[PDB]
Amino acid sequence: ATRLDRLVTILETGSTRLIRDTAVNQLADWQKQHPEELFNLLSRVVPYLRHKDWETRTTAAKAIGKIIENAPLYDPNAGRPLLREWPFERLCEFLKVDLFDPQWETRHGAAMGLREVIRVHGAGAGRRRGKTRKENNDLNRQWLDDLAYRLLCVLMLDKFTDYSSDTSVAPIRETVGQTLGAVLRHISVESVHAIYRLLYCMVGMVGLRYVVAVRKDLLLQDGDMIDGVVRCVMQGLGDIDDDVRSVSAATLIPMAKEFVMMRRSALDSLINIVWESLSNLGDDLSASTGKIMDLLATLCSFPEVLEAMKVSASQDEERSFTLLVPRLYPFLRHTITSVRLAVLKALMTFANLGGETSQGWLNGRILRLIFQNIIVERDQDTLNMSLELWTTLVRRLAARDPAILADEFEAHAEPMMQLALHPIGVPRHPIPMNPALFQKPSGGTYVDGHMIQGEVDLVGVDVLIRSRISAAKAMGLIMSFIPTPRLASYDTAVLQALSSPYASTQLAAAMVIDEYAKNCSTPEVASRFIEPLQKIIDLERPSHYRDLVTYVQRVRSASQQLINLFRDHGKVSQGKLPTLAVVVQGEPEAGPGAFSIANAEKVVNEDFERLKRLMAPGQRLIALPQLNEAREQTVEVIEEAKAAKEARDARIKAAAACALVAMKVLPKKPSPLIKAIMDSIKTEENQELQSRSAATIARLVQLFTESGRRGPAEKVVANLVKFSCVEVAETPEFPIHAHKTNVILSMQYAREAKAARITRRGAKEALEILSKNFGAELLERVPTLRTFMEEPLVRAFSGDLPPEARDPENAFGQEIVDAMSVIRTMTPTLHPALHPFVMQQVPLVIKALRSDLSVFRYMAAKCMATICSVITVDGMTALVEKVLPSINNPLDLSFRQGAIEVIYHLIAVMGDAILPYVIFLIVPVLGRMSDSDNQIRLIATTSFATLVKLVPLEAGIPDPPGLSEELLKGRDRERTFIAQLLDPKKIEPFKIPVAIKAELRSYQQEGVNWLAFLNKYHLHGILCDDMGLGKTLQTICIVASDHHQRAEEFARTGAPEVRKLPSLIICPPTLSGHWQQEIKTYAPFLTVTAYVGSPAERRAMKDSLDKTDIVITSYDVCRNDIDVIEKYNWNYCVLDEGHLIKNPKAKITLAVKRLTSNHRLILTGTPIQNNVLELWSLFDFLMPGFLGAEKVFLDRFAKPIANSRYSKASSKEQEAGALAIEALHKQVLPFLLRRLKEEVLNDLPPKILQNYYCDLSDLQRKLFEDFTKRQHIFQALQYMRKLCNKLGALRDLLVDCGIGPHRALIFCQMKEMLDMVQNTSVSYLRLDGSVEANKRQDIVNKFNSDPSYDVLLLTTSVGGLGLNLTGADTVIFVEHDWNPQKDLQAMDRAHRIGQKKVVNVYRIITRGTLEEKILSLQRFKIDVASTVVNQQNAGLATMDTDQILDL
DNA sequence: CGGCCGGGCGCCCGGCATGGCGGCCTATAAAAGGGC
DNA sequence: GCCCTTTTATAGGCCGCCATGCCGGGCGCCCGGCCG
């Protein structure tokens, strides 16, 4: 596949918007470089316009526009409703012909595409070559008129609308309007007249939005064509329907500037109609008022509109701002959020007008209404806008005079203070505010019922608390602005609140004090609130709060149940205990003897013991278990009440401490202040108060640093660093993972999970604000953080390793990870001045990534990912120069593991930013997908799933500006590296030109070329050539070349990448003598070891395995000794006859697949013999996971292959098998190199095949017919095989073959037929395996030399490779095996390179019996095997390799 | 005493096609309104 | 039976897969011997 096919698919399958933006940019640049092939891109991007996904259609339209923008401009001269040559002529016609399609997606795409095409190329449309210039201009006018006509017809017929949101959306209308706006830029003014007449000024409006706003400067002041549109818009504004009003308002707002400039006269009528339409209180569910107010704000922003409005109030004040803008006040509490937000934004625009008009309507009314908005709001955005408007209004009102602010809000201050300092209840027992405190927009006393009532169950407690803090900020600001002598009521209100029986009111009072302190000119002003706050934090807290009366009453009910019901059950007489106090503590008019938690403790312990002692004997035994249950329940309720009291006390203390630190108090004895603040950093579920406490600590540290005292400062910094590391998911508990080694951590009570993460959230926010405060100087001001971060990093350097570092009970094993978490936690928020510090520490983090400690590698991967995210160029230089080189180390498993986990986390954190470095990252992941370690393979697969999608973009990403010279050189060399993989072009093969090195034939040259290609990119294969082509030479050549290259590189480097690792070869016993001879005669500079030996002898060379370059071992010697052989690693691992390991269940496969090797190769001649699962078993050894698990491969390939055995060209079965073989062929294409003996050898005569058919004998026929009436299924097959036994055919064939000058081999699968002596001159030998193996060589060598022997009989399965029987020129088969490859091997005897004459093969196939099925199965297996290996060569192999590694 | 011995048997080969564990997947349960 | 919404959640059956074979045929290993 080309680059374009993968580049276009990103527009639909792109993971993020930036990836698709880069895809369209790359595609546009592609068209720029290759301007001759616009249609190739267009034909592939256009079909997305009718896709169902919205984003795909938008991206396809943008891609079409940017592709077309680079082509040259063209200048060849010098009422059915819609419900759910010119170079681009056919494209535009295809868009217009489905612009009336029923499906709305097609219309949306068509409109977008037409817009994009015409936007850049509208001028040259419609013209035809050969016509004159002027007539072509007329044709262009006709074309644009036709397009405008068709688009306007589309606009007036489409009714598709979306009502999901309040503001209805018409996608087709909007796109068609933008298409008109694109069209109308190029036409002449006559066509503009025609279109304006067509879209007559009546009420289309969305059509008007782009019929104007194009050719704007010429339409201005153009008589009727600009005078009628204002009438149309004004009529629309006054219309009844909300939809047309909203559309007209949205149509006028972008054109408001030039519609204002059109006339000064029209402004009076326009603003009159706008204010009149807004004056009428619209329907409750209408979002139109937002558009109307946006229009009002935009119109009032222009100076001439302000002049007109000032002129309008000529005879009276009716049209002045002061009387009008209160018309906006009713909509402040409208149900739809958009209307409320619009009201606030319009009021802010009006407030920021200036011009001495704002003083009119600014008064206490709007301030009180905005304060009510703050109190009763639930939406975050509207609350923020309300507080912003409040601040701007207060600042504007204080600009005139602080006294004006102080006495304007004096009328309203006390009720708003009651609202701000109001308590909060519990879910089912609210504490409602008085509705008389709220004013109406046009009334003295009051949709917001839930917030007023204080119903915490219906509106969450977070919303109530947020309203309280917002009110506190507003009231603190307004206190700060107004003069001090006027603050008597304010200060006494908050002082009385600080002593209230409630808990919430005290919190609100502290918040108001804190905000007043913050907003003051200097902190000393607010010093009158000092000692009440110190009384809050120092003096003991109240024993109760009115908010917890529900808890105490629950305790009272449970205690009463315990006292009463279970003693009635227990039969204890009256007078058992005095009755509990009826009134609970904390309630109003509760006496000093009111029920309290202390009474609950007394009854549940002392009275419980007393009553137990008072119970009669025997009845106590009956009663006690229910008494125990009731007692435990009572204790639980008491604990709940006490916990609630503790939480309220802690919150009040935290707020008081925040107030004290805010006014710059630094007590000489800071014992309780820091305690309260840190308690509110630990156990604060409310995010807002936690952030406030975080800011409090960040300011406290700075104040103490300026004071010079540092004890508590360092203590709190240490405590913050401690709390930042409490979350398990961000820093694990070392005592658990101390026992895990060489495992990827990334692949591996409910109450506490929340506490840990909230504490870590608070600490992290505190640390971030601290860093932002200190700026550049943080590394100078505070050194305790430095020690926490750094002391285990400079420790453990130079290979240092305390033995206690591995001790689960040593705290330093946890302190190491606690230290290393802070780098990730803090580096992104540090100043750039500290980037050199982290850069200087990167050499420590990289070594932590190479360290053999698993948690070291985990934390180093995380920290390197972060550092490369934020300190991009330096961190990535370190990564590419000193991590990725280590990814290939065979022995250092830690190096590879850490260096792959770093890539995992780097991708996960950087996301889209990793585009320029995928060229560095791709090759390591490709290599490690097939690594020996299981978890490295898994995470490499996950990383590759992300990198492959971005690989097509890497060829054109703009270089980052700051890349070091090393990174530019790295990018260049990696480009040249990948170019050979992703291009069919290839290089001269890899060879070492040693003087004694042997000569290579052409096919061997191609084979070593293929092996070197595999070697470079760390891919594995099968050299499945036919026997007799010399695979040993190629194998030892590539192994020696690799060993020579590594050894030479080890002299030019010091890294542990090269270690002179051994190489293992597993052969059958008979071929070791060939392997050693070939290695010695072709690679003298290689050393050889032969582990194959007696069971005891192997210990004499056990340690010699790790000391010799090439090690040779047998399959069975490896099997019996795998438990010791698995403990070594090898550079190469070669299986000489890999068809031994085809059955996955066989123990030889289980043994061989445990051989951890860097490179891995199978030599064979029949990778697939009976079933594709043989190929799966081989590739499970070569590239684990490449073809999936067992079930996946079975379902994908094997079942269709089996089902295709019986088919008659039917689409039900033939198609499935064909697709299965095609997929398996494409998947395994680059990793098999089959070359036929016919292609290589120049001297090997042809082989001919003929079948011999004969009918079954009479006696055998009768016996079979009898047997049909007559266990296991296979015994019938065996019996049929036996009774099928030809001798006349064999006799006639032998006589025809000159026997009894001509020779033959006779193969029989059945031994009992091979010894038959029927037909009573012919001398024959027998080789049936039962003969001793040594005697076989003598027999065959006797047969081979002299011509006195005419025939030689043998069974098919006798002898392995090398059983050369060359004298024969005919081969006769009498019974055929289930395996066709065994018959082919039997034919290969007497067809070797030493063969001299033509070889003819004959088969005796008796008709109407099992043998026909045998041959049918054989040809089926032959076809299935051959079709999978049909086309194998380096150049012929498809270079889409990256797209295959997806299981 | 050293060295080649036979010698046994565990391992793998291959067929068809049956029976016994599988994982996984709705379905299980509750209220209720509407219409078919 | 059919559908919509919602929080809760886990264990039976149904369709598959999957190792079962068992007669000759062979290879390779170690495990017993002895021979001049």
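Only this structure's heavy atoms are used, side chains among them; waters, hydrogens and symmetry mates stay out. Convention: sequence-line order gives letters A, B, ...; per-chain numbering from 1.
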Please work out if [X] contacts a base, only the sugar-phosphate, or nothing of the nucleic acid, heavy-atom cut-off 4.0 Å.
X	value
A/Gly1360	nothing
A/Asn1170	sugar-phosphate
A/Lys1335	nothing

Would you indicate which nucleotide in C/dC17, C/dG26, B/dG15 comes nearest to any side-chain atom of A/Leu1417? B/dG15

Looking only at side-chain atoms of A/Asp1195, point me to the closest of C/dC17, C/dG26, B/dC16. C/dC17

When you compare [N] with [M], how far apart are their [atom1] atoms, in angstrom units rounded to a whole number?
N	M	atom1	answer
C/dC35	B/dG7	P	13 Å
B/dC13	C/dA19	P	15 Å
B/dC21	C/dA9	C1'	26 Å
B/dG19	C/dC23	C1'	22 Å
B/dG8	C/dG33	P	12 Å
B/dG10	C/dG32	P	13 Å

When the ring centroid of A/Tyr1279 is compared with that of A/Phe1267, is the distance short of 6.0 Å?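 Distance test on ring centres: under 6.0 Å, yes.
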
Starting at [atom1] of [X] and ending at [atom2] of [N], how long is that distance when rounded to a whole Å?
X	N	atom1	atom2	value
A/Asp1377	C/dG25	CG	P	12 Å
A/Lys1382	C/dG25	NZ	P	13 Å
A/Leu1327	C/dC27	CG	P	9 Å
A/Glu1312	C/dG24	CD	P	8 Å
A/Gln1418	B/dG15	CD	P	11 Å
A/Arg1205	B/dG15	CZ	P	8 Å
A/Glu1411	B/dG15	CD	P	14 Å
A/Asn1379	B/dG15	CG	P	8 Å

A/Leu1187: which of A/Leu1182, A/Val1228, A/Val1172 passes side-chain contact (heavy atoms from CB on, under 4.5 Å): A/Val1228

Applying a cutoff of 5.5 Å on centroid distance plus 30° on plane angle, are these adjacent nucleotides, [N] and [M], stacked?
N	M	value
B/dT26	B/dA27	yes
C/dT8	C/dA9	no
B/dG10	B/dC11	yes

Does any non-hydrogen side-chain atom of [Y] lie less than 4.5 Å from one of [X]?
X	Y	value
A/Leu1352	A/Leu1365	yes
A/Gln748	A/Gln935	yes
A/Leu1232	A/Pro1167	yes
A/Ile1125	A/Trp1130	yes
A/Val463	A/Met451	yes
A/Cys1067	A/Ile1112	yes

A/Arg378, CZ: over 12 other non-hydrogen atoms inside 6.0 angstrom: no

Counting only heavy atoms from other residues, nucleotides and ligands, does the tally under 6.0 Å from CD of A/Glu1312 exceed 12?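 Counting neighbours around CD of A/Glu1312, 12 or fewer heavy atoms of other residues, nucleotides or ligands fall under 6.0 Å, so no.
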
Looking at CZ of A/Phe1193 and CG of A/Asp1180, how far apart are the two atoms once the value is rounded to the nearest 0.5 Å? 10.5 Å

Looking at B/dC13, is it paired to C/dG24 in the Watson-Crick or G-U wobble sense, both distances under 3.5 Å?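 So C/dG24 is not base-paired to B/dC13.
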
Would you say B/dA30 pairs with C/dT7 if a pair means Watson-Crick or G-U wobble with both distances under 3.5 Å? no

Let me know, please, whether A/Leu1194 or A/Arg1336 comes out on the 5' side of the other along DNA chain C by nearest nucleotide. A/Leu1194

Comparing A/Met1310 with A/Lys1199, nearest DNA chain C nucleotide closer to 5' gives the residue A/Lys1199

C1'-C2'-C3'-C4' sign verdict for the sugar of [N], north or south:
N	value
B/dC9	south
B/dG15	north
B/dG8	south
C/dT8	north
C/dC23	north

Kindly confirm or rule out a cation-pi arrangement of A/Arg1407 over A/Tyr1253, judged by NZ or CZ under 6.0 Å from the six-membered ring centre and within 45° of its axis?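 Geometry flag: set, cation within 6.0 Å and 45°.
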
Cationic tip of A/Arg937 within the cone over A/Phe1186's six-membered ring, i.e. under 6.0 Å and within 45° of the normal? no

Look only at the side chain of A/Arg1160 and the backbone of A/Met1183, and say whether a donor-acceptor pair between them is shorter than 3.5 Å.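 A pair under 3.5 Å: no.
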
Contact string for nucleotides 28-36 of chain C, one letter per nucleotide 5' to 3', B = base within protein heavy-atom range under 4.0 Å, S = sugar-phosphate only, - = neither, reads SSS------

By the Watson-Crick or G-U definition, both distances under 3.5 Å, C/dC3 is matched with none

Which base, if any, makes a Watson-Crick or G-U wobble pair with B/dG34, both distances under 3.5 Å? none

Any idea how A/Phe1307 and A/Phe1373 line up, ring-wise: parallel (<30°), tilted (30 to 60°), or perpendicular (>60°)?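 Parallel: the ring planes of A/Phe1307 and A/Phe1373 meet at under 30°.
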
Interface with DNA chain B, restricted to residues 1135-1148 of chain A and to heavy atoms under 4.0 Å: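 Hits under 4.0 Å, by residue number: A/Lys1142, A/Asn1143, A/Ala1146, A/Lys1147, A/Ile1148.
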
Heavy atoms within less than 4.0 Å of DNA chain B: which residues of residues 1263-1285 of chain A have one? Give them sorted by number. A/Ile1273, A/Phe1274

Please figure out whether A/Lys1421 or A/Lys1191 has its closest DNA chain B nucleotide nearer the 5' end.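 Closer to the 5' end of DNA chain B: A/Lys1421.
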
Please tell me if A/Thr1355 has a side-chain N or O lying less than 4.0 Å from either OP1 or OP2 of C/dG26.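 For C/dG26, OP1/OP2 do have a side-chain N/O of A/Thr1355 under 4.0 Å.
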
